[PDB]
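Single chain ahead, by itself, as structure tokens, in the form deposited in one PDB entry.
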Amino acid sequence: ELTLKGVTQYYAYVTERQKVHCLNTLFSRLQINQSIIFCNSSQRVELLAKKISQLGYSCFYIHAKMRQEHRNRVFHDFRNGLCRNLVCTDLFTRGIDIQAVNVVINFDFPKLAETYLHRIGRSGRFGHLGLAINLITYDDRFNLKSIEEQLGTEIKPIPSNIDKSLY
């Protein structure tokens, strides 16, 4: 199954208007090799890809309303590293297994702990060190603590300076 062993998890309290601002601040301040950003719909995935490219960052995106061959080839190109950011929905049955992805960002926080695990979790006891940064809104405040409890982990507030040795 999946565990959250090497994944240091943080949360940032935001409103929907502040999410793009928060993501750009994360991009600027954080030392990201590669990153995967999860959204709760394909529409929002495409809109966030547009916003990311506007801010000056290249972007990959995949979602459900796609031909599986296009999706697979885009995922292969992202694993090879042609672009450093990948925006996607929930279509990972297995845990992500890319050593270069040291930051995962839940742009839209999920409601079920199973989804949070499938986005953030790792396979085996020796996963690479990573960050998990959750953008939490008011309507997410209870699901945050509920998912934090169900999985027996802790999701701390994000500090203004994150230890570089964690990711």
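So that the term is clear: the rigid core is the largest set of C-alpha atoms that superpose within 1.5 Å between two forms. A residue's number is simply how far along the shown sequence it sits, counting from 1.
Although not depicted, the form deposited in another entry is the subject of the following passage.
After superposing the rigid core, the C-alpha of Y138 moves by less than 2 Å between this form and the one not shown. After superposing the rigid core, the C-alpha of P110 moves by less than 2 Å between this form and the one not shown.
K65 is not among the residues whose C-alpha shifts by 2 Å or more between this form and the one not shown once the rigid core is aligned; its shift stays under 2 Å. Relative to this conformation, a decrease of 3 Å or more in the Cα-Cα distance between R122 and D90 is found in the other entry. Compared with the form shown here, the Cα atoms of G127 and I147 move at least 3 Å farther apart in the other entry.
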